[PDB]
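Observations on the three-dimensional arrangement
Listed below are the residues making up each chain.
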Amino acid sequence: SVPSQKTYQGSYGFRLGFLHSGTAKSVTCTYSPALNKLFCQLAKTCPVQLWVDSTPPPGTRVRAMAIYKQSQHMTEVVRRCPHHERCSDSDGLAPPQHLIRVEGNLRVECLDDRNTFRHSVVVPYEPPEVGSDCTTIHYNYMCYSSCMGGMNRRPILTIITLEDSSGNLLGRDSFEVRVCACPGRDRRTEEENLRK
Ligand SMILES: [Zn+2]
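Residues numbered from 1 in each chain as written, not as in the entry; some residues may be left out. Heavy atoms only, no water. Residues with missing side-chain atoms left out of burial classes, pairs and counts.

Per the deposited record, X-ray crystallography is how this structure was determined, to a resolution of 1.54 Å.

Per the PDB entry, the chain is named Cellular tumor antigen p53, and its organism is Homo sapiens.

**Observations regarding the overall build of the chain**
Helices and strands together make up the secondary structure of the chain, namely one helix and 11 strands. Going residue by residue from the N terminus, the α and β elements of the chain occur as β-β-β-β-β-β-β-β-β-β-β-α. Rg of the C-alpha trace for the chain: 16 Å, near the compact-globule value of 16 Å for 196 residues, within the 12% margin. In terms of principal-axis extent, the alpha carbons of the chain reach across some 40 × 40 × 30 Å. (Helix = DSSP H or I, 4+ residues; strand = E, 2+ residues; numbered from the N terminus. Rg over C-alpha atoms; globule rule 2.2 N^0.38 Å.)

**Points about the pattern of salt bridges**
Taken as a whole and assessed by the stated rule, the structure comprises 12 salt bridges. Between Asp89 and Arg101 there is a salt bridge; the shortest N-O distance is 3.0 Å. Here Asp89 is found in the loop between β5 (61–68) and β6 (100–102), whereas its partner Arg101 is found in strand β6, with 12 residues between them in sequence. Residue classification places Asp89 among the partly exposed residues on the basis of a relative accessible area of 25%. Residues joined in a network through salt bridges with shared partners are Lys37, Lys69, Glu176 and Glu190. (Salt bridge = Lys/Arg side-chain N within 4 Å of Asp/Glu carboxyl O. Buried < 20%, exposed > 50% of the residue type's maximum accessible area, 1.4 Å probe, protein only.)

**Quick look at the coordination of the zinc ion**
Within the protein, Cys81 (SG), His84 (ND1), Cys143 (SG) and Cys147 (SG) serve as the donor atoms for the zinc ion, at 2.0 to 2.4 Å. In the primary structure, the donors to the zinc ion are separated according to the pattern C-x2-H-x58-C-x3-C. Here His84, found in the loop between β5 and β6, pairs with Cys143, found in the loop between β9 (135–141) and β10 (156–163); they are 59 residues apart in sequence, far enough to count as distant. (Donors = N, O, S within 2.8 Å, 3.2 Å for Na, K, Ca; no water.)

**Remarks on the side chain of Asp186**
Within the secondary structure layout, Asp186 lies in helix α1 (residues 183–195). A distance of 2.9 Å separates a polar atom in the side chain of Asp186 from a polar atom in the side chain of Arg178. (Polar contact = N/O pair within 3.5 Å; in protein donor to acceptor, adjacent residues only side chain to side chain.)

**Structural notes on unusual backbone geometry**
Its identity as a non-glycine residue notwithstanding, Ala43 has a phi of 65°, on the positive side. Its place among the elements puts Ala43 in the loop between β3 (37–40) and β4 (46–51). Its relative accessible area of 35% is what places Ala43 among the partly exposed residues.

**Looking at the sheet that holds β5**
Judged by pairing direction, the sheet is mixed, and its seven strands sit side by side in the order β2-β3-β11-β10-β5-β8-β7 without closing on themselves. In this open sheet, the two edge strands, each paired with only one partner strand, are β2 (29–32) and β7 (109–112). Between one strand and the next, the sheet's axes are offset by a mean angle of 25°, whatever the strand orientation. Note that β5 and β10 share eight bridges and pair antiparallel. Counterpart to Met65 in the pairing with β10 is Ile159. (Pairing = 2+ DSSP bridges. Axes fitted to C-alpha atoms, helices over the stretch in contact; angles between N-to-C directions.)

**Examining the sheet that holds strand β1 (residues 15–17)**
If you trace the four strands from one edge of the open sheet to the other, you get β1-β4-β9-β6, paired in antiparallel fashion. The open sheet has two edge strands with one neighbour each: β1 and β6. The mean inter-strand angle of the sheet, taken between neighbouring strand axes irrespective of direction, is 40°. Bridge count for β6 against β9 is three bridges, and the pairing is antiparallel. The residue bridging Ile100 from the neighbouring strand is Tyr141, located in β9.

**Focus on the UniProt feature "binding site: Zn(2+)" in the chain**
Annotation from UniProt places "binding site: Zn(2+)" at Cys81, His84, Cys143 and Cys147. In summary, the annotated positions, though distributed over 67 residues, converge in three dimensions, the widest C-alpha pair being only 8.7 Å. Looking at the element boundaries, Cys81 is found in the loop between β5 and β6. Not counting residues within four places of it along the chain, the set of residues in contact with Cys81 comprises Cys143, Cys147, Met148, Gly149 and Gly150. Contacts of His84, omitting those with residues within four sequence positions, involve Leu42, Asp89, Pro96, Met142, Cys143 and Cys147. (UniProt positions renumbered as here; feature names shortened; annotations may be inferred. Contact = heavy atoms within 4.5 Å.)

Shown next, in the form of structure tokens:
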């Protein structure tokens, strides 16, 4: 079983947005539109924008889940490595196995699927505040892409799903993630490789 990654705006015109953070050596999180790839440092704040054309109903939720990008690894549950799952960096709510956490949201729910064993993290959808045109979720990635016994240098995708109160699909978007020491350099390197 592999979760779908098919982009789907749905009835509410759901899609993600990313800040424009640049590629300075010091940047902690940066997004490449050309690669559809987020580059970030370990456990640092990753703002992800939620855009809609119309407001979805009360009880709508937003779920994040990771899958391996390569087809030969897609059936493997993405989880934290044997070191990081035991490093007692708990935030009180996220299970220590979970790669993706949501920062600063007390209504977070952390799911371990009883059938697929995949991890996900879900929060209620809130419409944009006064003076904002979108809503933002702050994500943290809790292992490096290179962590041995975990992602093990394999690329992952994050799948963001807009769901109704039963968990039915309303919209879907996705992006590749690399968790690394120097996001700014790595984004520049991979974008240069793409041009070449
Ligand atoms: Zn790790």
